[PDB]
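Chemist: Got a structure for you, written out below as structure tokens; questions coming shortly.
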Amino acid sequence: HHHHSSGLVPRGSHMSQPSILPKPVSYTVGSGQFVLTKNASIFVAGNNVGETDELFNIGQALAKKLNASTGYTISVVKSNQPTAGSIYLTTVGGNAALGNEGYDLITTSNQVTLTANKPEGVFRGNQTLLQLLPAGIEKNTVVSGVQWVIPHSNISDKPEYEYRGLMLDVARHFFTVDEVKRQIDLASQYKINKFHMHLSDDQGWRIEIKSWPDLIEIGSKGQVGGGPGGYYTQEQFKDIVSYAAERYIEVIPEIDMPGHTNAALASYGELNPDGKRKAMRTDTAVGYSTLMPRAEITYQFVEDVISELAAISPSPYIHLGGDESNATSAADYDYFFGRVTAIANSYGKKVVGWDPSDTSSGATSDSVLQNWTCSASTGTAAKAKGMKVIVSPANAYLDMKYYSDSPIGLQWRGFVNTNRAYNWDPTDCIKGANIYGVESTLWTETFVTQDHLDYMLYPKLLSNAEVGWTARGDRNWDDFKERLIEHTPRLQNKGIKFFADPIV
Ligand SMILES: CC(=O)N[C@H]1/C(=N/OC(=O)Nc2ccccc2)O[C@H](CO)[C@@H](O)[C@@H]1O
């Protein structure tokens, strides 16, 4: 038998017909079609009144999306007696084998029925439903001249990995609450279920801490290249969390420590050995900054920050960073990370950290390693301690240029085009681990505008999202590539300023 790898498409990028991404466990199509008309309602039915009420909110979110493009006014009904032309969302009789996020979605001529185990699974199923309707459905304004049809079809689905996330760096360049909500919204449509916020680094501090107000008054006032920066009040952070919760997306806030701390060090002189504030940094160097690992003021600071963040962040996880502490000795890093893990745990939070944080003698088996290095020795500690691992290999570093000539992006992990972002498995990063899942990281050294985010995340994130959701045995670049071509108008319709990758 003959085999080959993909080259660039001759003559440039290529960028009744459903376009499901990520690929579901099974999808069959039969004869006939359902027609969504102006008289459609969404019916919801759970196993008890509380569950029905949650399904009602989900139904309303779906109706809002459908109404924007159809111009209809579909409303939602608490009833288990759907009428012909209805969409029906239910958790009654869900297939347990499909888990919390799984669903069956069966479309007949008279009715769409989505059956899940939990409301979360109805929400994930709804993302598929939107992809079964014609391109045009994802428009934010009314589309005319398109019959809103769904082929008679049968889908069963569930994720391969529990953790399927996106990180946005808002420290290097700041993005508004609206901009952050948009990226959360867009990612949710591809079944991303985790959003990691990199809230602080050398060039800026982005979260209001009432007990240390100069973190904002001084530490938020810049960014890479010297713009004005910005920050989130605690009320704004809560709003982001709430918006994410409506999409069954867990928000994990990161305060990076003991390295990548210049913004805090520039805000408070007492955090520095010489008692003087550091100058703010607007360059892109990494590795040089450190908290004082043997000063109690350091641990008081971390505790105040953790206390306030814990109060407003319902996720059971807090990310404490731990990458590139090149100005911290191995012994002091071990000690430091153990102390801050104890603080986090006392405030009811489990710690996530970049490698090599798993090597801290103060880590517990409840701690989580974010494995970005992906070397043979990375996560040896995590594995021995029974710590879950989230992988972020080169293929998940979405800030990497697509090609040598990309006008934005970095290249320290090589170039990562749409194909590279697809052709990998989490076990390529680490073997012998309990892999919790995958996280796409969008660092923002070189990204200033919303269009820059769109360009780098789309289509790269679609590739990563399928690696997280679809089983390895069912992943195939030739298949995905052709599906991606088909999906292109949907990206256009959503207003995503994607890169038309020539490998697609
Ligand atoms: C965990 C992580 O990725 N840390 C830093 C980081 N790690 O940086 C490198 O080590 N870059 C580098 C390594 C060797 C040679 C040249 C650059 O990469 C990101 C950008 O992709 C930065 O935004 C992060 O702060």
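Identifiers in the structure tokens: chain A, B, ... in order shown; residue index from 1 per chain; ligand index from 1 in order shown.
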Tell me, as number ranges by chain, which residues lie within 10 Å of region 75-85 of chain A, counting only C-alpha atoms; anything in the same chain fewer than 5 positions away does not count.

Modeler: A: 34-46, 49, 52-53, 55-64, 67, 90, 92, 108-113

Chemist: Neighbouring residues of region 377-388 of chain A were defined as those with any atom within 12 Å, considering only C-alpha atoms; residues of the same chain fewer than 5 positions away were excluded. Please report them as a PyMOL selection string.

Modeler: chain A and resi 161-163+350-372+393+429-438

Chemist: Could you check the closest approach to residue 107 (chain A) for each of A:408, A:29, A:68, A:8 and tell me which residue wins, using only C-alpha atoms?

Modeler: A:29

Chemist: Ligand 1: which residues are within 6 Å, counting only C-alpha atoms and all ligand atoms, as an NGL selection string?

Modeler: :A and (323 or 412 or 443)

Chemist: Emit the selected residues as a PDB file, in the first residue's frame, including C-alpha atoms.

Modeler:
ATOM      1  CA  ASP A 323       7.510  28.585  34.524  1.00  0.00           C
ATOM      2  CA  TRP A 412      10.706  29.484  19.258  1.00  0.00           C
ATOM      3  CA  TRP A 443       0.495  34.073  24.311  1.00  0.00           C
TER       4      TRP A 443
END

Chemist: Go through region 229-251 of chain A residue by residue and, counting only C-alpha atoms, keep those with an atom at most 12 Å from region 220-223 of chain A; for each kept residue give the shortest atom pair and its distance in Å to one decimal, ordered by chain and increasing number, as a Markdown table.

Modeler:
| residue | atom | partner | partner_atom | distance |
| --- | --- | --- | --- | --- |
| A:229 | CA | A:222 | CA | 4.4 |
| A:230 | CA | A:220 | CA | 5.5 |
| A:231 | CA | A:220 | CA | 6.0 |
| A:232 | CA | A:220 | CA | 9.5 |
| A:233 | CA | A:220 | CA | 11.2 |

Chemist: Generate the output file for the selected residues, C-alpha atoms, as a JSON list (two decimals), in the first residue's frame.

Modeler:
[["chain", "number", "residue", "atom", "x", "y", "z"],
["A", 229, "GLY", "CA", -2.67, 48.44, 29.28],
["A", 230, "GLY", "CA", -5.86, 47.88, 31.28],
["A", 231, "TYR", "CA", -7.34, 45.60, 33.92],
["A", 232, "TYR", "CA", -10.44, 43.75, 35.14],
["A", 233, "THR", "CA", -12.21, 44.87, 38.29]]

Chemist: Excluding region 256-272 of chain A and any residue of its chain fewer than 2 positions from it, enumerate the residues within 6 Å of it, using only C-alpha atoms, and give them as a list in words.

Modeler: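 Everything that qualifies: residues 201, 202, 203, 204, 205, 214, 215, 218, 219, 254, 274, 275, 276, 277, 278, 279, 280, 289, 290, 291, 320, 321, 322 and 325 of chain A.
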
Chemist: Could you tell me, as a ChimeraX atom specification, which residues of region 202-245 of chain A DSSP assigns to alpha helix (DSSP H) when given the backbone?

Modeler: /A:214-217,234-245

Chemist: Could you tell me which of A:303, A:179, A:445, A:138 comes closest to residue 492 (chain A) if we count only C-alpha atoms?

Modeler: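 Among the listed residues, A:138 lies closest to residue 492 (chain A).
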